[PDB]
């Protein structure tokens, strides 16, 4: 159960019950809704004010952020190095834009796990690496200025001359086929100087399409010149265990492949899972440009500053917004309760520290203490924090206005 889901559910219940109170006291149901919706929007402003800024440049902090996604058994012998690797990969697919920075981890990073060695032997390849070799040994080892054809259809059942000839006639240097390529068709393709690979994973084909510009073809009878992608270089390199196909210098590539190394088969499985998480967290933080710290620190700050706002308002709306700001503290109170702690003790201490200007003060659920949640590597992405607050509000309001 996502921590966003959890936060929204708990906060939603609290908002509801407080609304049902405010109704059994006379306040019209529709006023509460606008008050709440104004509350949620006022939290967005307050957050942008109390968040910590993270630039694609603030490396030590990016490495600290990535660290948070890398934990559990063993991950610790690997924490420093995997963090470095995460940050170097992410930093290298950062796209500039209007509206802001974009980090497309799903499409621009592929992880290919190479069992053996140290995580230090991991490589950042500027292109796309496919664990497949040439289908025929007489095909060329390298191809400069590759012209790439992607087939999702098989090239198999003199019948085969005409089949092969339709591939040869595309102009393509390089053919990736998702399925089989008949032997005789491989001979003709081979004789034409064409680098072909058979049985390519559909997802590798998807990736080839995006980085090279190729259009995946289903009918051999309908191949266009526009259907053909390009890459600076396609070659088969030897990196032991076998051979692989490197596609570098690609057309529109921010894309990179991490060849991830670990001591053993099983080490590298865990590193992959870990890296996937860290890549995402860092991506999302870089996009937001801001992070929040956890342990109820931001709910307490929001609650405090929103109770200040409440005062500067008037009418019944004020009661509503005031009650919103009160519901927020249900998050830290739940943290204390689950950790089997005294909530009153924790809330007193959180209010004291926040009232006194410590924005990062939150509950460290394990040590039972209140501490600087940044110093203690409990980071949460801004977008989750605001999505949860807005969802709790939208769900509560949707239920009220019926």
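Positions refer to the first chain, counted from 1.
In this entry, residue 157 is separated from residue 158 by 10 or more residues of the deposited sequence that have no coordinates. Looking at mean Cα B-factors across 68 to 76 and 230 to 238, the upper value is held by 68 to 76. Of the two segments, 344 to 352 and 368 to 376, the one listed with the higher mean B-factor is 368 to 376 (C-alpha atoms only). By the numbers in the PDB entry, the CA B factor is greatest at 308 among 329, 288, 308, 144.
Highest C-alpha temperature factor among 251, 170, 203, 108, as the PDB entry reports it: 251. Residue 222: CA B factor lies in the highest third for its chain, per the PDB record. Residue 161: CA B factor in the highest third of modelled residues in this chain (values from the PDB entry). Among the modelled residues of its chain, residue 315 has a C-alpha B-factor that falls in the highest third, as given in the PDB entry. Ranked against the other modelled residues of its chain, the C-alpha B-factor of residue 266 as given in the entry falls in the highest third. In this PDB entry, residue 1 carries a Cα temperature factor that places it within the highest third of its chain's modelled residues.
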